Structures are given as structure tokens and as C-alpha cells.
Amino acid sequence: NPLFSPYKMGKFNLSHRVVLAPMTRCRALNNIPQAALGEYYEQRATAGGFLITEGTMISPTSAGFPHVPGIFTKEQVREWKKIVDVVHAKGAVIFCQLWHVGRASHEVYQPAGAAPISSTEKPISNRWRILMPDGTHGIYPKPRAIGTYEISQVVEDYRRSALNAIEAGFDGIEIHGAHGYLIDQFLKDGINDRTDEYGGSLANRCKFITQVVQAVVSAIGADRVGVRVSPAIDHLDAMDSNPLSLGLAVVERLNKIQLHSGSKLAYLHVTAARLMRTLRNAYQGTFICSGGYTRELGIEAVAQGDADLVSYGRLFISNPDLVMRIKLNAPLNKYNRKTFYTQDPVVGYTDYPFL
Ligand SMILES: Cc1cc2nc3c(=O)[nH]c(=O)nc-3n(C[C@H](O)[C@H](O)[C@H](O)COP(=O)(O)O)c2cc1C
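Residue 5 is where the sequence shown starts when you use the numbering used here, and the numbers rise one by one after that.
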């Protein structure tokens, strides 16, 4: 089983290649990490195993879900440190995913009910609805297209959040540039209708993610920085006319950032020759594949060299010992979609049984 051959992910030595994918669970009440999160990640932590936390707010305007953790206040760093210690006390490596939803927000999630910010003024179409704090579903509003000065301010929010994560004890961070959120709103030409230096050509549309990665790399180091993208996922109207060309353009800038920094990024994380094999071959460094992978598909991806690590999402919600179950080829538990985003600290969160 190649999933349990060790792997060197920069400075971190992993004992297996099963990774916990980032998953918003909405148990961080009032954007403050709770003790339930520490129990949740501890259940899933393994000695030498890699964990990626739920998307974490970088600023008061970055949230589009209820009760998602932040890492932009000192109270948030204080609470995150207790969760990181418990995870580290089981021998695991943990990255904090920095997450800005962009236009994928709503009045109720914004300070003073302000409009969400984005690369464009176009809202997410009527086909998608946002989850509201009371469990209902609302309408995505018109975002406010930000200028270039505000862009550099959002980049500074990524930078300050990356330092706060290291302050909390995180081994590193992952840049959330997937699933049609703020960074994807600049990447995809189905959303980015700008005419300034951040829109139009592939180079202009890759400029925002390039500045975000360079800023956090300069702050904490490249080997503590992971990047996640999803060129071929159309979530929230995040379509590109050429997802392969866009994905290869992003890899080219990531490869260049590593050359200009003298170090490799922690990894490239792609969720969805296959599109995934093409980006892996083009990227000079560690590759994590994500999306619909099983035990056999993950074994095969590592054996054929398609990826170095495999992240599992939904199966990790219902199987806290998913790493052990994959090792023993033990039957897995079903997950309950109803409690994906509820607020109970136990029900549908930490009460999924171990083997
Ligand atoms: C409830 C839920 C929350 C998720 N939250 C995030 C997130 O915050 N950031 C992210 O990049 N992906 C998020 N994802 C996507 C997963 O990380 C993963 O890419 C996707 O679930 C496919 O993995 P799987 O088929 O193994 O479940 C989430 C998925 C689910 C089901």
C-alpha cells in the first residue's frame, strides 16, 4: 500500500499520504474557535498525518458562512493555539486554510450589512443560494468591484493572517483559491470582467493569486505555504473558457515564485491525459489530488505517480479514524449531509464512531 510509504513535504516528514481536506463545519461560534474543534481535529489527527483546517476568515469581510473561524483577531489566535497543541500532541501536521469568499457572501455576514467585495459587480446567478444563519437559504447580492488599492489591502489581510497562524502554532497555511470564492473570482474569465491590470489576459487574471502567494511566502516562507485551486469546478458560476490553460498559467506563476524565492512551496492542491495529471506534470513540487477519491483510487494515484498526497473530504467527516480504516481496508461510515453546517458541538461532528 503506497498510501503508507513516508513522504517529505518540505520540512515536514509525513508517515502516510492520507490528508484531511479543508471542510467548513460552522462550529466556530461567533467566528471564535471552540473546544469542539479541538476534539474534532484530535479525533482525526494521526502521528505523521497531515491535516488542513476548515476555511478561516482573514478579515471581518471575508465570511460567507455562519460561525466559521477567523484568525484576524488576537482572541482567535488564542483559541486556535489550544486546538493546534492538541493536534500536535498526537503527532500530526496541521495547516490553516485562509479563506475569503469574495462575492459569495450576504448582508447578514458583512460588517454594517455592507456589500461583499469582488473583482466584479456581477452577482452570483439566481441558480445558487447562500446558507443563512437561521438555516434558510438567501439570495446572493451584488458585490462591490474593488480597486487596485483595496486589492493590496486584501493581500495584506492574507499576509497578516498567515503570520497569525504561525503565531497560533500552525505548521503552515493553505491559500484558498478554489470553488469560486474571492481568488477564483479573479482567476476565472467567466467572472473577471475587469479592464484594468487585474483582468483580461491570463497574466492579468493570475495577478491576484500571484500577489497573495508571494506576500504569504515572504512572511512565513515558501515551505509553509500550500495553494489550492479548482480550474474545472463551476461552483458559484466559476467557469473559465479554458480551464486547462488557466490551470497551467497558475502553475507557471507558482513555479516562478519558487524560483525567485529559492525554495519550493509546501504543495499544490488541485480539487476536481486527465486535467489533474497535466497540472501535476507541470508543477515542480508536491501535488495533492482531491475530489471523489476512494481507497483504491487514492492507492492508484500514488502508485502511478499521479499525486504525492491524497486528501479526503466527506469520508473524513464520518470516519475519524479514516487513516486506520484505509490501512486495514475496513468498512467506512456514512456521513449525514444534514449536519454538515449545523452548530451542535457533538451531533454530526464528534459523535461519528471509531472502528
Ligand atoms: C461540508 C463541506 C465543507 C467543505 N469546506 C471546504 C472549505 O472550507 N475549503 C475548501 O477548499 N474545500 C471545502 N470543501 C471541499 C472539500 O475540501 C473537498 O474538496 C470535496 O469535498 C471533495 O472531496 P471528497 O470527495 O473526498 O469529499 C468542503 C466540502 C464539504 C462537503
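Backbone N, C-alpha and C fix where the C-beta goes; we use that ideal spot for every residue, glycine too.
- Query: From this set, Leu41, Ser66, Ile237 and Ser63, which residue's C-alpha is nearest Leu55's C-alpha?
  - Reply: Position 51 of the sequence shown, counting from 1, holds the residue named residue 55. The residue with the shortest Cα to Cα distance from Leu55 is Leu41.
- According to DSSP, is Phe76 helix, strand or coil? The count along the sequence shown starts at 1 and reaches residue 76 at position 72. Coil at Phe76, not helix or strand.
- Query: Going by C-alpha distance, which of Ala119, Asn196, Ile62 and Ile177 is nearest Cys210?
  - Reply: What you label residue 210 is simply residue 206 of the sequence shown in a count that begins at 1. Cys210 has its Cα closest to that of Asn196, out of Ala119, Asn196, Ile62 and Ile177.
- Which parts of the segment 47-95 are runs of the alpha helix (DSSP H), unbroken and 4 residues or longer, counting only runs that do not cross its ends? 78-92
- Message: Using only the alpha-carbon positions, how far apart do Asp238 and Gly184 sit?
- Response: Indexing the sequence shown from 1 puts residue 238 at position 234. Indexing the sequence shown from 1 puts residue 184 at position 180. Looking at the two C-alpha atoms, the distance is approximately 7 Å.
- Message: One question on the structure: do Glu171 and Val81 come within less than 9 Å of each other, judged by their Cβ atoms?
- Response: Position 167 of the sequence shown, counting from 1, holds the residue named residue 171. Position 77 of the sequence shown, counting from 1, holds the residue named residue 81. Contact flag set, yes.
- Would you check whether ligand 1 has a heavy atom nearer than 8 Å to the C-beta of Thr275? For the purposes of this step, residue 275 is taken as residue 271 along the sequence shown, with counting starting at 1. Yes; taking the cut-off as 8 Å, the Cβ of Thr275 has a heavy atom of ligand 1 nearer than that.
- Return the residue from the list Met136, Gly106, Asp138 and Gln114 that minimises the CA-CA distance to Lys126. Against the sequence shown, residue 126 aligns to sequence position 122. If we check each option's Cα against that of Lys126, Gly106 comes out closest.
- What does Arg198 pair with, by DSSP beta-bridge criteria? By 1-based counting over the sequence shown, the position of residue 198 is 194. According to DSSP, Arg198 bridges with nothing at all.
- Task: Run through the segment 104-184 for me and flag every whole alpha helix (DSSP H) of 4 or more residues, listed as ranges in chain order.
- Result: 152-171
- Do you know how far the Cα of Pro349 is from the Cα of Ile36? Working through the sequence shown from its first residue, we reach residue 36 at position 32. Working through the sequence shown from its first residue, we reach residue 349 at position 345. Taking the straight line from one Cα to the other gives about 13 Å.
- Grouping DSSP H, G and I as helix and E and B as strand, with all else coil, what is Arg232? On the sequence shown, position 228 is the one that residue 232 refers to. Three-state result, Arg232: strand.
- Query: Can you give the Cα-Cα distance for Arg278 and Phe16, rounded to whole angstroms?
  - Reply: For the purposes of this step, residue 278 is taken as residue 274 along the sequence shown, with counting starting at 1. For the purposes of this step, residue 16 is taken as residue 12 along the sequence shown, with counting starting at 1. Their Cα atoms are separated by approximately 29 Å.
- Query: How is the beta strand (DSSP E) around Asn17 delimited, first residue to last?
  - Reply: Within the sequence shown, numbered from 1, the residue matching residue 17 stands at position 13. Here the beta strand (DSSP E) through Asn17 covers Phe16 to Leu18.
- Query: Is DSSP giving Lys12 helix, strand or coil here?
  - Reply: For this step, residue 12 is matched to residue 8 along the sequence shown. It is a strand residue.
- Just how far apart, CA to CA, sit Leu250 and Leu359? Taking the sequence shown and counting its residues from 1, the one referred to as residue 250 is at position 246. Taking the sequence shown and counting its residues from 1, the one referred to as residue 359 is at position 355. One C-alpha to the other measures close to 42 Å.
- With DSSP run on the structure shown, which of helix, strand or coil describes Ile36? Translated into the one-based positions of the sequence shown, residue 36 becomes position 32. Three-state result, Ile36: coil.
- Which residue comes first and which comes last in the beta strand (DSSP E) that contains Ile292? Taking the first residue of the sequence shown as position 1, residue 292 is located at position 288. Residues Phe291 to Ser294.
- Query: Expressed to the nearest angstrom, what Euclidean distance is found between the alpha-carbon atoms of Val217 and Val229?
  - Reply: Position 213 of the sequence shown, counting from 1, holds the residue named residue 217. Position 225 of the sequence shown, counting from 1, holds the residue named residue 229. Cα to Cα, the separation comes out at about 8 Å.
- Query: Under the criterion of a Cβ to heavy atom distance below 8 Å, does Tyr271 qualify as lining ligand 2?
  - Reply: Ligand 2 is absent from the structure shown, which contains only ligand 1.
- Task: Identify, in the order they occur along the chain, each residue of the same chain with its Cβ nearer than 7 Å to the Cβ of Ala119, setting aside the five sequence neighbours on each side.
- Result: Here residue 119 refers to the residue found at position 115 of the sequence shown. Contacts found: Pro145, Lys146, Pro147 and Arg148.
- Message: Tell me which residues share the same chain as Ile150 and place their Cβ nearer than 6 Å to its Cβ, disregarding the 5 neighbours each side in the sequence.
- Response: On the sequence shown, residue 150 is found 146 positions in, with the first residue counted as 1. If the five residues before and after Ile150 are omitted, its C-beta is found closer than 6 Å to the C-beta atoms of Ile121, all from its own chain and listed in chain order.
- Item | For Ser66 and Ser165, the rounded distance between their alpha carbons | On the sequence shown, residue 165 is found 161 positions in, with the first residue counted as 1. On the sequence shown, residue 66 is found 62 positions in, with the first residue counted as 1. Distance between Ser165 and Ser66, taken at the CA atoms: about 12 Å.
- Task: Could you please give me the residues that DSSP links to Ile98 through a beta bridge?
- Result: By 1-based counting over the sequence shown, the position of residue 98 is 94. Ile98 is bridged to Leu55.
- beta-carbon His20 near ligand 1 non-hydrogen atom, thresh 8 Å: In the sequence shown, counting from the first residue as 1, residue 20 sits at position 16. Answer for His20: no, Cβ out of range of ligand 1.
- Task: Output the boundary residues of the alpha helix (DSSP H) element that contains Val327.
- Result: Counting from 1 along the sequence shown, the entry for residue 327 is found at position 323. Start and end: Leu326 to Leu332.
- Query: Whose C-alpha, out of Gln215, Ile213 and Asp193, is nearest the C-alpha of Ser205?
  - Reply: Working through the sequence shown from its first residue, we reach residue 205 at position 201. When only C-alpha atoms are compared, the closest one is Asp193.
- Write down the C-beta distance between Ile134 and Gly68 rounded to the nearest angstrom, noting that I regard them as a contact closer than 8 Å. Position 130 of the sequence shown, counted from the first residue, corresponds to residue 134. Position 64 of the sequence shown, counted from the first residue, corresponds to residue 68. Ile134 to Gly68, Cβ: 7 Å. Contact.
- Where do the N-terminal and C-terminal ends of the alpha helix (DSSP H) with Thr282 fall, by residue? Here residue 282 is taken as the residue at index 278 of the sequence shown, counted from 1. Start and end: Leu279 to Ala286.
- Measure the C-alpha to C-alpha separation of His273 and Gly176 and round it to an integer number of angstroms. Mapped onto the sequence shown, residue 273 falls at position 269. Mapped onto the sequence shown, residue 176 falls at position 172. Straight-line Cα distance between these residues: approximately 14 Å.
- Item | Cβ-heavy atom distance, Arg133 to ligand 1, below 8 Å | One-based indexing of the sequence shown puts residue 133 at position 129. For ligand 1, not one heavy atom lies less than 8 Å from the Cβ of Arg133.
- Let me know the secondary structure DSSP gives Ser249 once reduced to three states. One-based indexing of the sequence shown puts residue 249 at position 245. Residue state, collapsed to three classes: helix.
- Item | Cα-Cα separation, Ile98 to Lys85 | The residue you call residue 98 lines up with position 94 of the sequence shown. The residue you call residue 85 lines up with position 81 of the sequence shown. Approximately 12 Å, taken between the alpha carbons.
- Let me know the secondary structure DSSP gives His264 once reduced to three states. Looking up residue 264 in the sequence shown gives position 260. Helix, per DSSP.
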